[PDB]
Amino acid sequence: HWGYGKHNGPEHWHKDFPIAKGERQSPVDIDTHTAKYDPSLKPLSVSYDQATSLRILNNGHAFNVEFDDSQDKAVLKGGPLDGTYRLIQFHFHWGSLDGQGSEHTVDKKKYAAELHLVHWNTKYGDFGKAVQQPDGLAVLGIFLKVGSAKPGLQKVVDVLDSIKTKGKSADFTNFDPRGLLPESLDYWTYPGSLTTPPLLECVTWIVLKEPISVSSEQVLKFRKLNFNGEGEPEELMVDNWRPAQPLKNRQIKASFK
Ligand SMILES: Cc1ccc(=S)n(O)c1
Ligand SMILES: [Zn+2]
Numbered sequence: 004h005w006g007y008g009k010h011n012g013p014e015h016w017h018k019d020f021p022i023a024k025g026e027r028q029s030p031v032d033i034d035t036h037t038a039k040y041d042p043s044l045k046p047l048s049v050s051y052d053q054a055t056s057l058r059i060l061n062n063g064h065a066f067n068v069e070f071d072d073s074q075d076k077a078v079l080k081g082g083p084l085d086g087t088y089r090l091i092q093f094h095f096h097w098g099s100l101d102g103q104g105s106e107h108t109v110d111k112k113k114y115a116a117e118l119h120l121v122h123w124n125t127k128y129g130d131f132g133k134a135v136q137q138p139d140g141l142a143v144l145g146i147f148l149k150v151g152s153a154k155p156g157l158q159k160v161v162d163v164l165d166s167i168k169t170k171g172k173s174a175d176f177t178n179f180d181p182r183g184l185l186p187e188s189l190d191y192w193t194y195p196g197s198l199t200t201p202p203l204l205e206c207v208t209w210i211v212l213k214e215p216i217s218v219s220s221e222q223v224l225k226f227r228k229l230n231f232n233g234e235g236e237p238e239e240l241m242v243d244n245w246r247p248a249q250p251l252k253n254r255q256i257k258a259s260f261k
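If you use PDB author numbering, the sequence shown corresponds to residues 4 to 125, 127 to 261, in order.
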């Protein structure tokens, strides 16, 4: 099945998921010179004061921090979005080296990692029905650069020892995703897809311009996770990013001058 190695990596995905070569795949390179300011964009509203985290899971491709999405508790709206999208989980993509790791790139620049806060459109009732719709998801993407530690990341980094291998999960309550946000909510937005199989084309991407800084020690701990299950040969969970895909007939809009 799919993964990020030589024989099952991104160049192979299209055989099981032909949408891999579809018309609105993600990620893409954001050419900042070509991304037009759109003064009709509303400010983004990120309302995470009532977020209820539940659990963290190593799913063999990344780790997901999961939220109770059974009530309107942590929602994204405004910006490019019509209506209300509810937070369901966040995860990251990262590199074996600080010079790569992000999925989106900015004028071909790769960041060390990229955080994806995944939300589903509440008009669709739940996640599973939302991913059958072309406007079912909104993913807020945030770049990570290596420098100063991100204090708000440390509770995630500290729990990783307990979910080293595929299939492991751990209780992960009372985690506040507000601590992962940069100061500015200036963003680029375009229509795309999940960046992992099934690669569904349901996503309004909202990618923040301002990265957060994490320490070298924080990212090194991400790289000690494993793609394999317990009792299998160790394969470090690194380079779980898909490269940039063709922009095709899409425009990237900027929320800022
Ligand atoms: C389930 C899910 C949703 C969004 C993304 S970017 N990934 O990678 C996975
Ligand atoms: Zn992702």
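Backbone N, C-alpha and C define an ideal beta-carbon position, used for all residues, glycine too.
Could you check whether residue j and residue i sit closer than 8 angstroms to each other, using their CB atoms as the reference points?
i, j, result
"residue 3", "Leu90", "Residue 3 cannot be examined here, being either before or after the span of the chain that is shown, 4 to 261."
"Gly140", "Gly233", "no"
"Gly156", "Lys127", "no"
"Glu106", "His94", "no"
"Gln255", "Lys39", "yes"
"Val160", "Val242", "no"
"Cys206", "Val135", "yes"
Just the C-alpha distance for residue i and residue j, rounded to the nearest angstrom, thanks.
i, j, result
"residue 303", "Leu204", "Residue 303 lies beyond the range of the chain shown here (4 to 261); nothing can be said about it."
"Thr35", "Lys111", "10 angstroms"
"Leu185", "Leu212", "9 angstroms"
"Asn244", "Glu26", "22 angstroms"
"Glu236", "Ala153", "32 angstroms"
"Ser259", "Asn253", "20 angstroms"
"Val223", "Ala115", "8 angstroms"
"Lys18", "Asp71", "34 angstroms"
"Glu187", "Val218", "14 angstroms"
"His4", "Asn62", "13 angstroms"
"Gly129", "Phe66", "25 angstroms"
"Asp41", "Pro138", "22 angstroms"
Give the C-beta separation of residue i and residue j to the nearest angstrom, bearing in mind that I take them to be a contact with Cβ-Cβ under 8 angstroms.
i, j, result
"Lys257", "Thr193", "5 angstroms"
"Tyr191", "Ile210", "5 angstroms"
"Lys113", "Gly81", "That pair is no contact at about 29 angstroms."
"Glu117", "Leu148", "7 angstroms"
"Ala174", "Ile59", "5 angstroms"
"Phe20", "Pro195", "Not a contact, Cβ separation roughly 18 angstroms."
"residue 263", "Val150", "Residue 263 lies beyond the residue range present for the chain, which begins at 4 and ends at 261; the question has no answer from this structure."
"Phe176", "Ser56", "5 angstroms"
Tell me where the alpha helix (DSSP H) around residue i begins and ends.
i, result
"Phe131", "131 to 134"
"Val211", "Segment 207 to 212 is the beta strand (DSSP E) holding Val211; no alpha helix (DSSP H) there."
"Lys159", "158 to 163"
"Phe179", "Neither: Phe179 is in no alpha helix (DSSP H) and is coded neither H nor E."
"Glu221", "220 to 226"
Tell me where the beta strand (DSSP E) around residue i begins and ends.
i, result
"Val78", "78 to 81"
"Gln92", "88 to 97"
"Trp123", "116 to 124"
"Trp192", "191 to 196"
Could you tell me whether the region 225 to 234 touches the region 147 to 165, where touching means 3 or more Cβ pairs closer than 8 angstroms?
Enough Cβ pairs lie closer than 8 angstroms, so yes.
Does the region 173 to 193 come into contact with the region 42 to 57, if we say contact requires no fewer than three beta-carbon pairs (one atom in each stretch) closer than 8 angstroms?
They touch, by the three-pair rule.
Quick one: any contact between the region 71 to 81 and the region 93 to 111, if contact means 3 or more CB pairs under 8 angstroms?
Taking 8 angstroms as the limit for Cβ pairs, the verdict is that the region 93 to 111 does not touch the region 71 to 81.
Count the C-beta pairs between the region 233 to 249 and the region 24 to 32 that are closer than 8 angstroms, then say yes if the count reaches three, no if not.
As far as the Cβ criterion goes, the region 233 to 249 touches the region 24 to 32, which means the pair count is three or higher.
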